[PDB]
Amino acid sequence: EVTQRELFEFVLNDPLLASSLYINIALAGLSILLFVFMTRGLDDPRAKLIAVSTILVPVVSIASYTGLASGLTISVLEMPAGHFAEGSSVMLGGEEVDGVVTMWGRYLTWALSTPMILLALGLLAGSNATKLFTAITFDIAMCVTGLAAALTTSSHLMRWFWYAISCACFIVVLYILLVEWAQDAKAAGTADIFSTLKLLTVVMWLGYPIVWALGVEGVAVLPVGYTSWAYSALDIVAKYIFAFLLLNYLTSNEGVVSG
């Protein structure tokens, strides 16, 4: 089987791939330090709950990229019969191996970082427990079935079937984000910053299943190095600037979020 050090060497040796992971390790790390410094003045527990939940997003992110760049959460899988990338090979150093580079480390950690994005947003919008629970549970289900899709190599049909279940879970999250929380925000007095984050979230999040479908996991029209940067670019907005904006607001409106 392929070795962890080999995937690690495969990431290096490939500038596109290496830069998409190592840059976000630095960016997530700097984001954490920046965010902690920005909220060192909060005093209200609810505002502080929102801040910590937000800060956890890049915390999980930095561990995710370290797991990917270290080769710990990457594997070489062979696609099933009729998969647009079946018969492909990867080549580690001087050897060649059948399969595609499957970076499942992303799908796995999303199940931990996205619930946190949703938690901060829901709270910021004055959501009640029932909606938080719904958004979060289905969001986690979306991430897990997506991971399952990437890890399934027995059938091409199964892969897209998992993908469909994940899409169904995704619409549930979309519904509360666009319909439910958009209304709550007004009642909480945060409609302004929410609108911004909601639009940002929805637009960025929609990009993930597109990239998945266009990359080696899907119809393989994009290389692993390209698909990886697309995700990394999405992360920079959906996580880092998204967190900067929320915490920039939060620190200037601690009283309104206090309740």
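Each residue number is its position in the shown sequence, starting from 1. For the two forms, the rigid core is made up of the largest set of C-alpha atoms that agree within 1.5 Å on superposition.
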Practice item. Kindly name the stretch, out of 92 to 100 and 76 to 84, whose CA atoms are displaced more from this form in 8 other deposited structures of this protein after the core superposition? Key: 92 to 100
Exercise for review: On a core superposition, give the stretch, 102 to 110 or 161 to 169, with the larger average C-alpha separation from this form in 8 other deposited structures of this protein (RMS over structures and residues).
Suggested key: 102 to 110
**Study point:** Selected stretch [higher average CA B-factor]: 175 to 183 or 70 to 78
**Key:** 175 to 183
Exercise for review: Look over 209 to 217 and 54 to 62 in the entry and identify the one with the greater average Cα temperature factor.
Suggested key: 209 to 217
Check your understanding: Looking at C169, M116, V90, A111, which has the biggest Cα B factor in the entry?
Key -> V90
Review point. From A85, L147, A120, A141, pick the one with the largest CA B-factor in the entry?
Key: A85
Review point. If you rank every modelled residue in this chain by C-alpha B factor, which third holds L247: lowest, middle or highest?
Key: middle
Point to revise | For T137, the third of its chain into which the C-alpha B factor falls | key: lowest
Point to revise | Third of chain Cα B-factors occupied by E9 | key: middle
Exercise for review: Classify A18 as lowest, middle or highest third according to the C-alpha B-factor given in the PDB entry, relative to its own chain.
Suggested key: middle
Check your understanding: Based on the entry's values, in what third of the chain does the Cα temperature factor of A28 lie: lowest, middle or highest?
Key -> lowest
